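See structure below.
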Amino acid sequence: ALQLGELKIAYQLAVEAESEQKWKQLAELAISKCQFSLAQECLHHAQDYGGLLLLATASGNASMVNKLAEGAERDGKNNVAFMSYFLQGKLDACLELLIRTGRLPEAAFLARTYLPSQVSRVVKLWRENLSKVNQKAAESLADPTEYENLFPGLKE
Amino acid sequence: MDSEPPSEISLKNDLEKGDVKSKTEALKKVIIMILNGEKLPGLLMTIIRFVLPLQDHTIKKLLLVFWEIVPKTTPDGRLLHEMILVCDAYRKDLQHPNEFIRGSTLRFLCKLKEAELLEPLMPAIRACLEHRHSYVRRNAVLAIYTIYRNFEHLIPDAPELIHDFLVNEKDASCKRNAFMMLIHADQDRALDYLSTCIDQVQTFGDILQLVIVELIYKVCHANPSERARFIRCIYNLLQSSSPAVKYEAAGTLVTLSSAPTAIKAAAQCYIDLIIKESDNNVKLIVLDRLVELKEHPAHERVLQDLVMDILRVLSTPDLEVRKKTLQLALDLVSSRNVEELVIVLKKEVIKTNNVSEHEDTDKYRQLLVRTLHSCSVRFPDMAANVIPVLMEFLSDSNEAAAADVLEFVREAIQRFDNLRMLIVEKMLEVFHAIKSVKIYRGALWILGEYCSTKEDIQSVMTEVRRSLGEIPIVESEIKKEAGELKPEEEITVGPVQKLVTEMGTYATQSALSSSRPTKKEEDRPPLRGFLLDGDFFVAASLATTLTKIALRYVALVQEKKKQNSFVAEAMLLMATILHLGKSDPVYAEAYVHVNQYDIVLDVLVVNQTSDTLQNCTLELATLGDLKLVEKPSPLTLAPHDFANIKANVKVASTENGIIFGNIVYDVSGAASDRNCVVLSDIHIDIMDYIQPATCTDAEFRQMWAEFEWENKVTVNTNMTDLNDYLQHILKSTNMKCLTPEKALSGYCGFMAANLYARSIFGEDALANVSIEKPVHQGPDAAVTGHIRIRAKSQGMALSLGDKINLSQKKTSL
Amino acid sequence: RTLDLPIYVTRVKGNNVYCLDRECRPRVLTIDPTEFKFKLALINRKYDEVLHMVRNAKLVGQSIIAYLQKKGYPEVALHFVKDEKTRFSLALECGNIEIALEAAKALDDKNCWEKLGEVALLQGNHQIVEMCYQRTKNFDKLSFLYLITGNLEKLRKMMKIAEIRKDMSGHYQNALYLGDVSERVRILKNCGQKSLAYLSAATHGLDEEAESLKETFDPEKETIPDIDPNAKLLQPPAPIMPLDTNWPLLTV
Amino acid sequence: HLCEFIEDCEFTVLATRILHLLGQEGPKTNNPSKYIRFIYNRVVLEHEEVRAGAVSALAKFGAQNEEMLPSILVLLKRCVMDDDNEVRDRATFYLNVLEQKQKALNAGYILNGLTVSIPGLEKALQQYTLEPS
Amino acid sequence: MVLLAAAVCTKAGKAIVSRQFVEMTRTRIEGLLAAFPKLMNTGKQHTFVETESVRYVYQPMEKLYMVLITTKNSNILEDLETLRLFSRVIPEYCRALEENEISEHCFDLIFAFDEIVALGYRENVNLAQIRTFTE
């Protein structure tokens with residue numbers, strides 16, 4: 648079915664639930680023919696979060712890119728995750744990926760960027776995290792005194 | 016002179032004597048003592064003096080020999096120069112008409128990476144530029160490369176001298192004999208030239224071309240060298256599902272297990288794999304290719320199955336090959352393992368058919384019945400096959416032979432409810448000649464459960480009930496059993512009700528019925544009569560009585576997970592169980748410091764005294780398994796000196812003959828009676844010497860059995876679990892907490908660790924740490940843990956016993 | 562101090578301690594102001610007193626030169642910092658990693674630069690993180706960080722030096738993060754991922770670049786996947802004028 | 438403590454003694470968990486009569502003390518204390534009566550959890566003749 | 001070097017004669033040869049056996065082992081072939097293997113070792129070739 652170039656027949660033969668090895672071979676074949684459509688479905692069934700994202704995050708509306716990177720957020724596959732959510736000026740779960748991983752500073756930083764002034768809460772949670780994670784001279788528990796700066800220090 | 020390190024005075028004498036033989040022998044004796052590693056510079060002037068110019072090869076060859084293994088070290092008769100006594104008159108040696116002396120000289124001279132001989136080795140390629148042998152031309156490409164290696168990666172070594180300076184490697188390719196010392200870093204033009212040479216090869220030389228440049232477009236072109244690369248290249252062009260059918264790999268492979276059965280067993284494995292790639296369920300593992308030897312046409316002559324029969328084994332070839340073979344029958348053909356295991360088991364298990372498969376040792380017979388029977392429990396189809404074969408097992412009609420047979424089949428009935436009704440009548444038959452427990456137990460259970468089906472029972476049971484043999488365990492089994500199934504469906508002179516009467520008497524009561532039972536007093540202390548006595552609410556009838564129990568099977572019973580099963584064929588299993596699968740005053744102050752992961756014993760050496768201690772040396776010693784990674788090296792400990800001297804430490808070594816205490820540290824100084832003193836830096840223990848090793852549950856269990864561990868102590872501060880203090884401390888007495896021996900629940904749940912080590916003490920060390928952490932209203936002693944300990948004569952057992960309490964040291968100078 | 566024989570203390574009466582062994586040969590020892598003065602001083606937070614106190618009768622390795630790197634709010638730590646490791650340690654315990662990078666440098670090691678860079682992101686400032694992360698070669702982590710941080714100039718630098726690595730979750734990121742996607746289109750072209758390059762480009766309305774990729778390679782751009790292939794991609798990149806590489810700080 | 442000895446060379450009998458005694462007393466003097474853990478290992482590699490003993494004892498142990506029931510379940514599901522041969526049959530009965538049934542029977546059955554017979558004190562006379570032989 | 005040393009051993013627990021092509025394995029040579037060749041190189045009557053991460057190739061002759069050792073390898077055929085050629089050369093010098101006679105012809109054997117394997121690369125030798133040198 649791959650040889651014939653019968654994508655559909657190869658697709659039934661894989662069978663939508665699992666047989667990921669079949670689907671990865673099909674997904675590549677689908678990208679070759681530049682039939683992106685069959686490819687997105689093959690990659691989904693394959694799973695292939697890293698690869699699947701690359702085809703998928705080319706959306707500009709993030710239409711089917713969040714799912715295949717939902718995990719990535721909290722797996723420390725943050726990079727895969729950021730591309731998914733930030734793609735049309737939206738913060739879909741951009742911030743959230745950063746909180747999940749423990750890369751709290753980065754959520755604060757993002758919050759400042761697009762300023763809905765969410766920063767005040769993120770900086771706090773983060774600052775608290777510095778005090779627990781042995782910093783005393785950059786301890787952060789202040790509003791601008793102990794290193795980092797909560798939202799009134801910050802600005803648009 | 017095999018190895019005699021003091022003999023250097025005699026060698027000097029022997030080295031010049033006016034007799035050439037003596038001189039040769041002497042120089043030879045020097046060589047053998049250096050090679051072992053012993054004293055040699057005293058001699059040097061003597062050695063060098065006779066031999067130097069001469070074309071007489073033997074002494075020259077001998078001296079030439081000694082210049083590649085110690086030239087640098089020896090300096091009495093040589094000293095340091097550009098044209099040393101290694102090469103000054105060995106320019107003559109290089110330029111002699113005899114190829115051997117020149118060739119030899121060239122060969123050692125260029126071999127050295129010495130910089131005090133760099134110039135003399137360079138035009139030393141002259142000695143072999145003319146090639147009187149294959150040896151001369153090879154000697155030359157290797158010597159130019161060795162010159163290139165010795166600081167001449169540029170223009171001193173790369174072009175030609177008059178024919179080679181890094182160009183024999185080019186020349187060799189087109190010359191009659193090849194050899195390419197060009198493996199790395201050398202002329203591109205020669206590399207290219209070797210490729211051309213693949214065709215016009217010289218076979219030794221081809222192995223040299225080939226280490227450098229491999230992969231051919233061809234099949235070959237000839238010779239072992241090309242051939243050896245070729246199987247590597249073939250595996251590339253078809254990786255897919257092993258090699259399957261081994262290529263030119265086969266030739267080396269046999270020798271790889273020359274001891275002797277293991278080759279066949281291995282060979283059998285590959286041959287089975289190769290046949291087919293099946294489903295690959297539990298013990299159906301055959302990989303390789305799906306079709307390449309098929310299985311099972313009906314027009315194939317004389318068929319595939321003939322080779323398949325070998326693999327079904329009783330031992331039909333020898334035991335190593337046997338274990339491999341049983342797995343291999345299972346692997347090509349079954350449903351999982353079950354199908355081919357039943358066939359295989361039918362052959363192995365005890366019969367009246369063949370007396371080469373029956374034996375009067377009861378356990379093996381029994382086990383074989385259980386193996387056959389487990390296949391049914393696994394898979395349904397097998398139930399139908401098993402029951403008639405089981406009746407044949409019975410037909411042997413020895414007391415014991417029946418007995419084993421009855422014991423499994425009765426378990427099968429618990430699984431297989433009113434399906435094996437048919438068997439009961441066969442099963443009674445051999446129950447009358449009796450000298451054992453087992454027959455009574457089993458028979459009474461079949462005849463008991465099966466009562467609806469038959470009606471014989473007073474008659475069958477009664478001969479046995481008034482017969483003797485061994486009857487402990489008989490009681491237990493008859494007690495739960497005799498009444499069962501349908502309330503009044505038998506009668507010979509005792510209906511099912513007489514049976515319930517009997518069943519109760521046999522359990523622990525008394526009653527005239529079946530001419531009284533053999534015994535009444537039950538088996539092992541806990542069992543007793545009473546449960547069943549209460550029972551038989553509805554007289555031997557499928558309801559909520561003995562019958563229920565009998566026609567039901569305790570927990571899950573499926574597969575070959577050992578739930579009413581036994582896991583393949585009984586003989587193969589013994590081997591698998593066996594497989595453990597084990598994986739002058741002196742003052743010192745000191746602390747241990749670690750910076751950038753360097754572990755060092757800091758020592759400060761102090762002379763509080765005005766007196767002289769000059770002659771001061773500092774040493775850290777190797778005691779046994781403790782070692783210095785570098786002693787403290789300052790010459791300190793002088794009049795009113797304070798010094799910090801660092802002695803690096805290791806924990807792992809090999810036993811030295813000196814004392815085995817804490818840490819020995821030695822400072823030396825002035826004094827002539829006690830020039831060396833031993834004084835201490837802080838604590839290190841005997842425990843270091845133990846070596847950590849680990850066990851799995853099987854190795855632990857085997858060792859438990861192997862040697863006693865009754866010895867126990869209770870150690871305080873085992874309040875905590877295995878993971879915390881106990882692991883860390885156990886680690887320091889080179890132990891490790893591995894697998895469990897626990898059985899946790901709502902009433903159980905002491906933490907159990909299985910410990911192992913293999914001490915350098917001629918013992919192992921094992922222990923079980925049981926942490927008595929309350930999981931009951933009445934704990935042992937509350938929190939604390941009792942460590943049950945051993946070692947192989949329990950001399951390290953004790954180390955485990957106390958080094959799981961506490962352990963800490965610190966200082967702050 | 563050590564004597565040269567095994568011994569039993571006879572007892573302590575006075576400054577001296579007196580000892581006798583089994584055979585009963587004596588040793589006496591004056592209790593010194595060596596080890597004792599040094600830590601009597603360190604306990605009462607004196608470092609000035611303690612420098613004199615440092616002698617080679619009591620220096621060891623970790624009671625003076627590395628035991629004094631054992632405060633989570635550095636005090637003792639400040640005083641001994643001579644080891645490149647002790648210096649590294651000191652820095653995370655403050656939370657100011659400016660010193661870390663140098664110790665990390667002098668430890669000659671990448672791992673330290675990425676770990677201190679992470680601590681750096683924690684004190685809040687991403688300039689310091691960039692430098693570290695750049696030399697550990699985590700251009701892709703940086704690429705990810707960078708719109709989060711709100712830089713666009715720095716975000717481009719990461720894209721190129723991650724292009725060459727073919728880090729598809731590095732080079733790939735930045736194009737999304739700026740309002741136009743063109744960065745990806747070329748990187749992907751070099752990857753040979755013509756499909757992916759077209760989809761990305763096309764959606765932003767850079768159909769011309771998307772077409773270039775199709776024409777150079779296999780065409781067919783018409784196909785509509787489970788994601789859009791031509792729907793607007795535009796994002797307004799970072800509304801902040803001062804970025805979070807310029808995250809404010811005072812530091813205590 | 439004695440059971441700590443040797444896992445399966447200690448014999449059917451010692452395991453039967455700790456097992457019978459731990460069953461019958463139902464330790465609150467020490468935690469039954471050590472006893473259970475010790476017996477659990479012994480059963481695997483020792484004779485049928487003890488493994489059968491161990492299930493039945495456990496059942497009586499259940500009926501006398503409520504607490505105990507959770508350990509009975511981990512032990513009995515195992516291929517050891519049930520589902521061997523003799524051990525299975527007794528177990529199927531003993532288990533089913535504890536698990537399934539009322540435990541009128543189980544309750545009745547434990548009167549302390551006593552032995553199967555109470556003889557005299559056999560050892561001492563035996564010993565008298567046996568020593569100077 | 002690919003070939004650390006070429007060594008004749010007695011399983012008396014010592015390297016009887018041995019060759020260090022370039023200064024590396026001096027004393028090291030004796031300890032390896034002494035432990036491993038005693039156990040048949042830890043073999044089972046297999047020409048290749050590897051122990052303590054060093055490839056030992058061998059042939060037993062009496063209480064003696066003729067041993068080739070490598071810890072790296074370029075080809076299968078080659079390692080055996082230098083050992084083999086060595087085994088043509090060794091009875092010419094010592095009339096089989098035997099510690100006393102091996103000891104006496106340290107020079108002979110040692111010279112052959114340098115000639116046979118040069119800087120760890122297996123050259124070739126022959127009994128006639130050997131003659132020019134000891135002449």
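Protein chains in written order, with the entry's author numbering: chain D, 648 to 803; chain G, 16 to 598, 739 to 968; chain C, 562 to 813; chain E, 438 to 570; chain H, 1 to 135.
Where is the CB? At the ideal position from N, CA and C, for every residue including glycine.
Think of a sphere of 9 Å around the beta carbon of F599/C: the chain G residues whose beta carbon falls inside it are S967, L968, in chain order. Between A12/H and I140/G, the alpha-carbon positions lie close to 41 Å from each other. Here DSSP, grouped into helix, strand and coil, assigns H941/G to strand.
For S761/C, the number of other beta carbons within 10 angstroms of its own is at least 16, and it is reported as buried. For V480/E, no CB of chain G lies under 8 Å from its own CB, so it is not counted at the interface with that chain.
Contacts with chain H at 8 Å (Cβ-Cβ) include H72/G. No Cβ-Cβ contact shorter than 8 Å links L703/C with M729/C. When beta bridges are read from the DSSP output, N866/G appears opposite no residue.
The same chain holds no residue with a CB closer than 7 Å to that of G545/E once the five nearest residues on each side in sequence are set aside.
In terms of Cα proximity to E134/G, the closest of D172/G, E145/G, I116/G, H111/G is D172/G. For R454/E, the closest alpha carbon among the candidates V534/E, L551/E, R515/E is that of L551/E.
Taking a beta-carbon distance threshold of 8 Å, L532/E counts as an interface residue toward chain G. Judged by their CB atoms, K190/G and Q202/G are not nearer to each other than the 8 Å cut-off. Taking CB atoms only, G622/C has a neighbour in chain G less than 8 Å away. When Cβ pairs closer than 8 Å are counted between the two stretches, the stretch 783-791 of chain C is seen not to touch the stretch 836-855 of chain G, the count staying below three. Within the same chain, Cβ atoms closer than 6 Å to the Cβ of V553/G are found at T560, the five residues on either side in sequence being excluded.
Here the alpha carbons of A398/G and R567/G stand approximately 16 Å from one another.
In summary, the residues of the stretch 149-166 of chain G whose CB is separated from some CB of chain H by less than 9 Å are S149, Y150, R153, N154, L157, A158, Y160, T161, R164, in the order they occur in the chain.
Boundaries of the beta strand (DSSP E) harbouring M61/H: 54-61, taken from the DSSP string. Listed along chain D are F683, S684, each with a C-beta nearer than 9 Å to that of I785/C. Between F581/G and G779/G, the CB-CB gap reaches or exceeds 8 Å.
Close CB contacts of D876/G within its chain, under the 8 Å cut and outside five residues either way in sequence, are with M906, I926, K928 (chain order). The closest CA to that of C106/H, considering only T211/G, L77/G, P239/G, is found on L77/G. Interface annotation, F815/G: not in contact with chain C, CB-CB separation never under 8 Å. Within the same chain, and ignoring the five residues on either side of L67/G in sequence, the residues whose Cβ sits closer than 6 Å to its Cβ are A104. At a C-beta separation below 9 Å, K631/C has no neighbours in chain G, since its nearest C-beta there lies roughly 10 Å away. Here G43/H has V49 as same chain residues with Cβ atoms under 6 Å from its own Cβ, once five neighbours each way along the sequence are excluded. By the C-beta density criterion, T376/G is exposed, having fewer than 16 other C-beta atoms within 10 angstroms.
For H748/G, the three-state secondary structure derived from DSSP is strand. For the stretch 469-503 of chain E, the set of positions with a beta-carbon nearer than 7 Å to some beta-carbon of chain G reads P469, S470, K471, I473, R474, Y477, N478, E486, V487, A489, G490, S493, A494, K497 in chain order. Of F442/E, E486/E, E444/E, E441/E, the smallest CA-CA separation from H457/E is found for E486/E. The Cβ of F798/D sits no closer than 8 Å to any Cβ of chain C. Taking 8 Å as the CB threshold, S570/E stays off the interface with chain G. Using beta-carbon distances, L512/E counts as an interface residue toward chain G, with a partner under 8 Å. Counting only runs of 4+ residues, the alpha helix (DSSP H) found wholly inside the stretch 469-498 of chain G occupies 472-480, 489-496, in chain order.
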